[PDB]
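Novice: I would like to see how this sequence folds:
(chains A, B, C, D, E and F)
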Amino acid sequence: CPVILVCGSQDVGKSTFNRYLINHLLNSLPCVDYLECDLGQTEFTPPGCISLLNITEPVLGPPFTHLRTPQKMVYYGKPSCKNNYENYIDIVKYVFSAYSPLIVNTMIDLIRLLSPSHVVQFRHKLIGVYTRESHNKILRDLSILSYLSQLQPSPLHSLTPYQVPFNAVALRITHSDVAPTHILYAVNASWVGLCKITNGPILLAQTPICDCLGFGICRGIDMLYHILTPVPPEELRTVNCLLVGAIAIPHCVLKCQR
Amino acid sequence: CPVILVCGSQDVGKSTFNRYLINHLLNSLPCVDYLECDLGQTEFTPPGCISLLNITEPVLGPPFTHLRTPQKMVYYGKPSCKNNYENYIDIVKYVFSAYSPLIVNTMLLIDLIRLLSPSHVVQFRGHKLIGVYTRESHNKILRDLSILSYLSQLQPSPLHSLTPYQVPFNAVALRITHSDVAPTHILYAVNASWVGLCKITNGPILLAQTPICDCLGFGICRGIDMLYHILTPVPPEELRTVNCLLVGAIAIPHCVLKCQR
Amino acid sequence: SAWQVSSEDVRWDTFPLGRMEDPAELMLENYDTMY
Amino acid sequence: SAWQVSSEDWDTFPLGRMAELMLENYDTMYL
Amino acid sequence: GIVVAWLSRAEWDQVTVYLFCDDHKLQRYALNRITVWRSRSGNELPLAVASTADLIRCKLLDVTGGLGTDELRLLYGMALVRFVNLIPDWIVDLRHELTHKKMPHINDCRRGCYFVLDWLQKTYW
Amino acid sequence: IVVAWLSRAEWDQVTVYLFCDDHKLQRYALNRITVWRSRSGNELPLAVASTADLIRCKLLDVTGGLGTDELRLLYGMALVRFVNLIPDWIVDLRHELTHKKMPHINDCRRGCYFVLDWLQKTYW
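Specialist: Numbering: from 1, shown residues only, chains lettered A, B, ... in the order given. Please see the structure below:
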């Protein structure tokens, strides 16, 4: 089970290579493992997540059609890290410690640190195989709309949400400095990640490296977290924290409904 | 009392006009009054002082020879304001409140004409204007020569050999004008310095705001071992009224602190 | 743990996606803190 | 008050030498 | 329709009124309500709003006396330089004297900041 | 020659104590340079002013000082003044500081103690 890596720049065909390679491998081998280091071009997840996905069914379309449940998941929050290249590389270890042939998608340390056996490039066995902003944002807000499509059997505000008092779920606002008193407005009508780790706020102090289990939307808080979840009801009980990141509900959800 | 005022720029001869006008007036009139608004070209005072001086004897030489006791005196500290034209103007009224014909020397300009009710606008470059028409090393020697002339009143003797006075650290207040010195480390700014013996147990008794006091003289604090050993040429009768020291942007001439014999 | 399914509530029908106007409805002066 | 004319010793030590006078307590006067 | 960081016009007005009507406690209630609109846009605020918030962050420390004059002048100078660079000769030359020459007097930058805060009262807010 | 320091117990104790942190020996030796301002009228050499500012920033940053937005205000001004008065890792930071978006707090919390090491061997 050699570990396969991918190293490429913009417009080289690496995602299509991953799709084609998984499709070819699914004929002979029964299962294949997938590790995603991309944060803005995630395939099986909503944007901003680092995950070790698993494939048992072939991939025959765009990334917003084959959403699966990651084996291991971390909700970084940001679609791309450009100033803190010591936490994403630190998150990778927490995600990598769950590893069937493995495909590693990437955006010297990355080539190392994983004990790989293949460094396929599509631009340690060198192979190579030598082969916009407004359009890359539509597919990032289209995978989120695909995660919310699991709530349909119904208007998005019409479904019955869950409830939790302000003493059973903690709250953290990643990638911001929100004043502790004025924090219920940064989480009201937002897009929170239902991660896992009376009175009012239960705020944390540091950003934890948790295991995200799903994604939910808060709809309102009157002085009860009315949290709408597409997560299966069996998995809601383990949810005990909320982490807001640089990923909000698509404006079409919040805009004019019918 | 036709108050006279002077206005001019650098090198126009304004300084060599009060020497001549007062000389001419001293023949007829018995006494003449003088108000000094200059801070770096003071005539009868060490630099940095705003004073209302008095003349009963003619002026026949450079400013470092006519050192006389001002009638009123304020120790600003810096021989140029150039940043705070709301305190030098405020000091002038305090000096003017002790007001014989009066000559006013000047280094703002419009306000300097007002606030005094003048009767003359002599220029030498009531608004009766008679404005007839007529560097950093030479102007810094004549400022230390005047200070060395104030310290020459201690001679009957080496400058460190004269017996100084002393006052414990509880009877004289201390203020460091024109600086921000940490309160704990304040006794090093007053050691071997040039302080103005102004008037207004635990070591420091420092103030909090700069007062508009009436300076009475200048002294030297030779040392403070943990007593204010003040070497002062002020007459001993006037020392008793001294209760405040104000350090400003005027230090001892380096020749005084340098090698003594 | 405490995760109520909201078995009986009726309000959400028209547009309560953020209207559940005085800027003090969810105002706060006290907050806990974990570590 | 009054100023006491010194009767101690001045010729020997120079102007300045009479961290030794370090301080931690200071009074404060308000005008 | 549009999506905005402010919930209703009562939040776009309470901040607009409380930011300049100081009271020493209404400019801090409405100073912590703009660190929330940073979260509503990921981590970003308009340049004008950031400058307006910075210039009152500076004010709420020279009124109280947070630290010394040397350290309190560092906030004022940085804020004014960021204001001028991003958004008469009395103000324009102040940034040059701040960055390239001797440290300006504290009252100079105090008056400059107090004046420039009036620029944002009529132009943006 | 007249100097602002009385002897070598003020030109060396301050030199040693400015960089040996102890959280209380750079505060004793930071208030002993506000005294050399009085002894020079109101002026300090540009290098000494920059060095004092860069530790004024630190002693508030290490203790806790104020919020992050109000701590890169000291750091940014100090670094910009230091660069202007006294490569590309530290020389290009001023452009992001004054002309573009606010640099991350860790960028300052690395550049400041980088430049503080530059004055340890060149001047002090």
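Novice: right, and residue E:39 touches residue A:173 too?
Specialist: Yes - between residue E:39 and residue A:173 there is a contact under CB atoms under 8 Å: 5.7 Å. Yep, even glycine has a C-beta here, placed from its N, CA and C like the rest.
Novice: what sits in contact with each of those two?
Specialist: Counting by CB atoms under 8 Å, 6 or more residues apart in numbering or on different chains, the shared contacts of residue E:39 and residue A:173 are A:186, A:244.
Novice: the residue nearest the centre of chain E and residue B:109: what is the separation?
Specialist: By CA atoms, centre = their mean, chain E has its centre lying nearest to residue E:55, at 2.1 Å. According to CB to CB, to the nearest Å, residue E:55 stands 34 Å off from residue B:109.
Novice: same check, this time on residue A:196
Specialist: Using CB to CB, residue A:196 is found at 76 Å from residue B:109.
Novice: more neighbours, the two?
Specialist: Using other CB atoms under 10 Å in any protein chain shown, the more surrounded residue of residue A:196 and residue B:109 is residue A:196, with 15 against 8.
Novice: would you check that the more buried one makes contact with residue A:212?
Specialist: Yes - applying CB under 8 Å as the test, residue A:196 and residue A:212 come out as touching, 7.5 Å apart.
Novice: hmm, back to that, surely the residue nearest to the centre of chain E is within a strand?
Specialist: No - under DSSP: H, G, I helix; E, B strand; the rest coil, residue E:55 falls outside any strand and is assigned helix.
Novice: skipping adjacent residues, who's closest to residue C:18 in space?
Specialist: What sits nearest to residue C:18 in space, not counting adjacent residues and going by CB to CB, 6 or more residues apart in numbering or on different chains, is residue A:189, at 3.5 Å.
Novice: who are the contact partners of that neighbour?
Specialist: Going by CB under 8 Å, 6+ apart, residue A:189 touches A:217, A:218, A:219, A:220, A:249, A:254, C:17, C:18.
Novice: assign a three-state SS to residue 91, would you?
Specialist: Chain wasn't specified; assuming chain A. Three-state call for residue A:91 (three-state DSSP): helix.
Novice: try chain E instead
Specialist: Applying three-state DSSP: residue E:91 is helix.
Novice: before we move on, which element is residue A:242 in?
Specialist: Following DSSP states H and E, one finds residue A:242 within strand A:241-244.
Novice: swap in residue E:15?
Specialist: With DSSP H and E as the test, residue E:15 turns up in helix E:11-18.
Novice: and that helix, is it in reach of chain C?
Specialist: Yes - using CB under 8 Å from any CB of the partner chain, we find that helix E:11-18 touches chain C at E:11, E:14.
Novice: just the CA trace of that helix, in PDB.
Specialist: The C-alpha coordinates for helix E:11-18 follow below in PDB (Å, rounded to 0.1, in the frame of the first residue of the first chain):
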ATOM      1  CA  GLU E  11     -27.500  48.700  14.900                       C
ATOM      2  CA  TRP E  12     -26.200  50.800  12.000                       C
ATOM      3  CA  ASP E  13     -27.600  53.900  13.900                       C
ATOM      4  CA  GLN E  14     -26.800  53.100  17.500                       C
ATOM      5  CA  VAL E  15     -23.100  52.600  16.700                       C
ATOM      6  CA  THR E  16     -23.200  55.700  14.400                       C
ATOM      7  CA  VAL E  17     -24.500  57.800  17.300                       C
ATOM      8  CA  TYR E  18     -22.600  56.200  20.200                       C
END
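Novice: just checking, what packs against that helix?
Specialist: With contacts defined as 3 or more CB pairs under 8 Å, 6 or more residues apart in numbering or on different chains; DSSP states H and E, helix E:11-18 has these neighbours: helix E:26-29.
Novice: which neighbouring elements make contact with the helix it packs on?
Specialist: Here helix E:26-29 touches helix E:11-18, helix E:47-62, going by 3+ CB pairs under 8 Å, 6+ apart.
Novice: centre of the chain versus the longest one, how much separation?
Specialist: Computed by CA atoms, centre = their mean, to the nearest Å, the separation of helix E:47-62 from the middle of its chain amounts to 2 Å.
Novice: do the first one as well
Specialist: What separates the centre of helix E:11-18 from the centre of its chain is 15 Å, taken as CA atoms, centre = their mean.
Novice: how about the helices in the stretch 51-200 of chain A?
Specialist: A:88-96, A:133-136, A:140-148, A:184-187 (DSSP state H, counting those that start in this stretch).
Novice: check whether the last one comes near chain E.
Specialist: Yes - in this structure, helix A:184-187 sits against chain E according to CB under 8 Å from any CB; the contacting residues are A:185, A:186.
Novice: quick one: contacts of that helix?
Specialist: For helix A:184-187, contacts defined as CB under 8 Å, 6+ apart pick out A:171, A:173, A:176, A:178, A:200-201, A:218, A:221, A:242, A:244, C:26, C:28, E:7, E:33, E:36, E:39-40.
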